[PDB]
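Asker: Sending over a structure as structure tokens; questions will come in a sec.
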Amino acid sequence: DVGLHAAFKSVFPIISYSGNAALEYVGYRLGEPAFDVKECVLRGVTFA
């Protein structure tokens with residue numbers, strides 16, 4: 001269903017313009033929160 005996953009498989013297959021070279025998409029891996037939300041507020045790191 002919808003999500004970044006849906007967007008990736010939306011743009012997954014790539015064909016080189018007049019070329020034979022492709023970029024297949026395999027499952028993405030989510031990162032771990034670099035900061036805590038309270039720490040982000042203390043610093044301003046957008047809790048990304």
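By convention in this document, the chains of the structure tokens carry letters A, B, ... by their order, each chain's residues are numbered from 1, and ligands are numbered from 1 in the order they are shown.
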Which residues are close to residue 5 of chain A, i.e. within 12 Å by only C-alpha atoms, leaving aside same-chain residues fewer than 5 positions away? Reply as a PyMOL selection string.
Answerer: chain A and resi 10-12+25-30
Asker: Next, write the just-selected residues to a file, as a short mmCIF file (atom, residue, chain, number, x, y, z; two decimals), in the first residue's frame, keeping N, CA, C and O atoms as the atom set.
Answerer:
data_model
loop_
_atom_site.label_atom_id
_atom_site.label_comp_id
_atom_site.auth_asym_id
_atom_site.auth_seq_id
_atom_site.Cartn_x
_atom_site.Cartn_y
_atom_site.Cartn_z
N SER A 10 7.02 2.70 -7.32
CA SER A 10 6.50 3.58 -8.36
C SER A 10 7.60 4.04 -9.31
O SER A 10 7.40 4.10 -10.52
N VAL A 11 8.78 4.36 -8.77
CA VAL A 11 9.90 4.78 -9.60
C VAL A 11 10.99 3.71 -9.69
O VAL A 11 12.13 4.02 -10.04
N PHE A 12 10.65 2.45 -9.41
CA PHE A 12 11.68 1.41 -9.31
C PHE A 12 12.40 1.15 -10.63
O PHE A 12 13.62 1.37 -10.69
N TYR A 25 15.05 -1.86 -7.63
CA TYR A 25 14.87 -1.41 -6.25
C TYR A 25 14.56 -2.61 -5.36
O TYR A 25 13.60 -3.35 -5.62
N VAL A 26 15.37 -2.79 -4.33
CA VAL A 26 15.08 -3.75 -3.29
C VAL A 26 14.57 -2.99 -2.07
O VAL A 26 14.64 -1.76 -2.00
N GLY A 27 14.04 -3.73 -1.10
CA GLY A 27 13.42 -3.12 0.06
C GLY A 27 14.31 -2.15 0.81
O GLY A 27 15.48 -2.43 1.06
N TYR A 28 13.76 -1.00 1.17
CA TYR A 28 14.53 0.01 1.88
C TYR A 28 14.71 -0.40 3.34
O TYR A 28 14.02 -1.28 3.87
N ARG A 29 15.64 0.27 4.00
CA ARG A 29 15.91 0.06 5.42
C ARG A 29 15.80 1.40 6.14
O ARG A 29 16.49 2.36 5.78
N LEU A 30 14.93 1.45 7.15
CA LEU A 30 14.74 2.67 7.92
C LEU A 30 15.85 2.83 8.95
O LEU A 30 16.29 1.85 9.57
#
Asker: Quick check for you: according to DSSP on this backbone, which residues of chain A are classed as helix (DSSP H, G or I)? Reply as an MDAnalysis selection string.
Answerer: chainID A and resid 4:10 37:43
Asker: What is the atom CA of residue 32 of chain A-atom CA of residue 48 of chain A distance in Å, reported with one decimal?
Answerer: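 So the answer is 9.0 Å.
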